[PDB]
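Participant: In our numbering, the protein residues as written are 138 to 253.
Heads up, the beta-carbon is just placed ideally off N, CA and C, and yes, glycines get one too.
Take a look at this one; I'll ask things after.
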(Lines of atoms letter the chains of each structure in order from A; the text may use other names.)
(Lines give C-alpha, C1' and ligand atoms only; values in the text may rest on other atoms or scores of the structure.)
Protein backbone atom coordinates (compact mmCIF):
# COMPACT_ATOMS: atom_id res chain seq x y z
CA UNK A 138 0.00 0.00 0.00
CA UNK A 139 1.01 3.65 -0.42
CA UNK A 140 2.00 5.50 2.75
CA UNK A 141 2.47 9.31 2.77
CA UNK A 142 4.75 10.28 5.68
CA UNK A 143 5.15 13.81 7.12
CA UNK A 144 7.00 15.42 9.96
CA UNK A 145 10.41 15.26 11.57
CA UNK A 146 13.14 17.84 11.85
CA UNK A 147 15.47 19.36 14.39
CA UNK A 148 14.25 19.88 17.93
CA UNK A 149 15.89 20.76 21.26
CA UNK A 150 15.98 18.22 24.16
CA UNK A 151 12.62 18.24 26.02
CA UNK A 152 10.80 19.30 22.85
CA UNK A 153 7.95 17.70 20.95
CA UNK A 154 7.36 16.58 17.36
CA UNK A 155 4.36 14.98 15.64
CA UNK A 156 4.75 12.49 12.78
CA UNK A 157 1.89 11.51 10.47
CA UNK A 158 1.32 8.75 7.94
CA UNK A 159 -1.66 8.90 5.53
CA UNK A 160 -2.79 5.71 3.70
CA UNK A 161 -2.40 -4.38 5.61
CA UNK A 162 -4.40 -3.02 8.58
CA UNK A 163 -1.80 -3.00 11.44
CA UNK A 164 0.18 0.34 11.63
CA UNK A 165 3.59 0.75 13.24
CA UNK A 166 6.27 3.38 13.63
CA UNK A 167 9.88 2.21 13.47
CA UNK A 168 13.14 4.10 13.90
CA UNK A 169 16.68 3.48 12.82
CA UNK A 170 19.15 5.27 15.10
CA UNK A 171 22.64 6.12 13.67
CA UNK A 172 24.65 2.90 13.20
CA UNK A 173 21.73 0.77 14.48
CA UNK A 174 18.94 -1.47 12.98
CA UNK A 175 15.37 -0.33 12.08
CA UNK A 176 13.46 -1.10 15.33
CA UNK A 177 9.79 -0.97 16.35
CA UNK A 178 8.81 2.13 18.39
CA UNK A 179 4.99 1.93 18.60
CA UNK A 180 2.08 0.10 16.98
CA UNK A 181 -1.72 0.38 16.86
CA UNK A 182 -4.64 -1.85 15.77
CA UNK A 183 -7.08 -0.94 12.92
CA UNK A 184 -9.50 0.44 15.57
CA UNK A 185 -7.08 2.07 18.08
CA UNK A 186 -7.95 0.13 21.25
CA UNK A 187 -4.70 -1.86 21.20
CA UNK A 188 -1.32 -0.12 21.38
CA UNK A 189 2.24 -1.36 21.77
CA UNK A 190 5.30 0.69 22.76
CA UNK A 191 9.01 -0.01 23.12
CA UNK A 192 9.94 0.52 26.77
CA UNK A 193 12.44 3.28 25.81
CA UNK A 194 9.53 5.53 24.64
CA UNK A 195 6.76 4.51 27.13
CA UNK A 196 5.28 7.56 28.87
CA UNK A 197 6.75 9.90 26.25
CA UNK A 198 5.39 8.83 22.84
CA UNK A 199 1.75 8.28 21.94
CA UNK A 200 0.52 6.50 18.82
CA UNK A 201 -3.02 7.47 17.66
CA UNK A 202 -5.25 7.18 14.58
CA UNK A 203 -7.84 9.38 12.83
CA UNK A 204 -10.03 7.01 10.75
CA UNK A 205 -11.91 9.76 8.87
CA UNK A 206 -8.47 11.00 7.58
CA UNK A 207 -6.97 7.44 7.14
CA UNK A 208 -3.98 8.72 9.15
CA UNK A 209 -1.77 7.32 11.99
CA UNK A 210 0.24 9.75 14.16
CA UNK A 211 3.20 9.49 16.47
CA UNK A 212 3.19 12.24 19.09
CA UNK A 213 6.76 12.45 20.42
CA UNK A 214 7.06 14.34 23.71
CA UNK A 215 10.02 14.81 26.16
CA UNK A 216 12.45 14.15 23.34
CA UNK A 217 15.96 13.12 24.23
CA UNK A 218 19.15 13.09 22.11
CA UNK A 219 18.76 9.23 22.24
CA UNK A 220 15.61 9.60 20.06
CA UNK A 221 17.65 10.90 17.08
CA UNK A 222 16.88 8.51 14.22
CA UNK A 223 15.20 8.13 10.82
CA UNK A 224 11.54 7.28 11.55
CA UNK A 225 9.32 5.21 9.29
CA UNK A 226 5.64 4.30 9.29
CA UNK A 227 4.74 0.73 8.29
CA UNK A 228 1.45 -0.95 7.35
CA UNK A 229 1.32 -4.77 7.48
CA UNK A 230 -1.33 -7.45 6.98
CA UNK A 231 -2.71 -9.70 9.73
CA UNK A 232 -0.76 -12.72 8.48
CA UNK A 233 2.60 -10.91 8.97
CA UNK A 234 2.34 -10.90 12.81
CA UNK A 235 2.02 -14.69 12.81
CA UNK A 236 5.06 -15.56 10.68
CA UNK A 237 7.80 -17.65 12.29
CA UNK A 238 7.93 -19.38 15.65
CA UNK A 239 7.20 -16.74 18.27
CA UNK A 240 5.70 -16.87 21.71
CA UNK A 241 4.11 -19.63 23.77
CA UNK A 242 2.13 -22.62 22.51
CA UNK A 243 -0.75 -24.71 23.81
CA UNK A 244 -0.68 -28.51 23.49
CA UNK A 245 -1.89 -29.36 19.98
CA UNK A 246 -5.25 -31.08 19.64
CA UNK A 247 -6.35 -33.24 16.74
CA UNK A 248 -9.55 -32.24 14.95
CA UNK A 249 -10.80 -34.81 12.41
CA UNK A 250 -13.79 -34.05 10.23
CA UNK A 251 -15.27 -37.19 8.66
CA UNK A 252 -17.20 -37.10 5.35
CA UNK A 253 -21.07 -37.27 5.58
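Let me know the secondary structure DSSP gives residue 116 once reduced to three states.
Facilitator: Because the chain here runs from 138 to 253, residue 116 falls outside it and cannot be looked at.
Participant: Look up residue 223 in the DSSP assignment and give the residues it is bridged to.
Facilitator: To locate residue 223, count along the chain shown from 1; it is residue 86. Residue 223 is bridged to 169.
Participant: If you draw a straight line from the alpha carbon of residue 146 to that of residue 157, how long is it in whole angstroms?
Facilitator: One-based indexing of the chain shown puts residue 146 at position 9. One-based indexing of the chain shown puts residue 157 at position 20. When rounded, the distance between both Cα atoms is 13 Å.
Participant: Suppose the cutoff is 8 Å on Cβ atoms and the five residues either side in sequence are ignored; what does the same chain contact list for residue 227 look like?
Facilitator: Taking the first residue of the chain shown as position 1, residue 227 is located at position 90. Same-chain partners within the cutoff: 140, 164, 165, 166 and 167.
Participant: Alpha carbons only, please: which of 238, 221, 248 and 232 is nearest the one belonging to residue 148?
Facilitator: If you number the chain shown from 1, residue 148 lands on position 11. Of the candidates 238, 221, 248 and 232, the one whose C-alpha sits nearest the C-alpha of residue 148 is 221.
Participant: Does residue 170 pass the burial test, meaning 16 or more other C-beta atoms within 10 Å, or should it be called exposed?
Facilitator: If you number the chain shown from 1, residue 170 lands on position 33. The residue in question, residue 170, is exposed, as its Cβ has fewer than 16 Cβ neighbours within 10 Å.
Participant: For the beta strand (DSSP E) containing residue 153, list its first residue and its last residue.
Facilitator: Translated into positions along the chain shown, residue 153 becomes position 16. Premise fails: residue 153 is in no beta strand (DSSP E) and is neither H nor E.
Participant: From the DSSP output, read off the bridge partner residues of residue 174.
Facilitator: Taking the chain shown and counting its residues from 1, one reaches residue 174 at position 37. Bridge partners of residue 174: none, in fact.
Participant: Assuming the contact rule is C-beta atoms closer than 8 Å, residue 215 and residue 151 should be a hit. Round their C-beta distance to whole Å, please.
Facilitator: Start at 1 with the first residue of the chain shown, and residue 215 comes out as number 78. Start at 1 with the first residue of the chain shown, and residue 151 comes out as number 14. Indeed they touch by this definition, with Cβ atoms about 6 Å apart.
Participant: Exposed or buried, residue 205, counting other C-beta atoms within 10 Å across all chains shown (16 or more means buried)?
Facilitator: Counted from its first residue, the chain shown places residue 205 at position 68. Answer is exposed; the Cβ neighbour count stays below 16.
Participant: Once the 5 residues before and after residue 189 are set aside, which same chain residues still bring their CB inside 6 Å of it?
Facilitator: Along the chain shown, read from residue 1 onward, the residue named residue 189 stands at position 52. The residues are 180.
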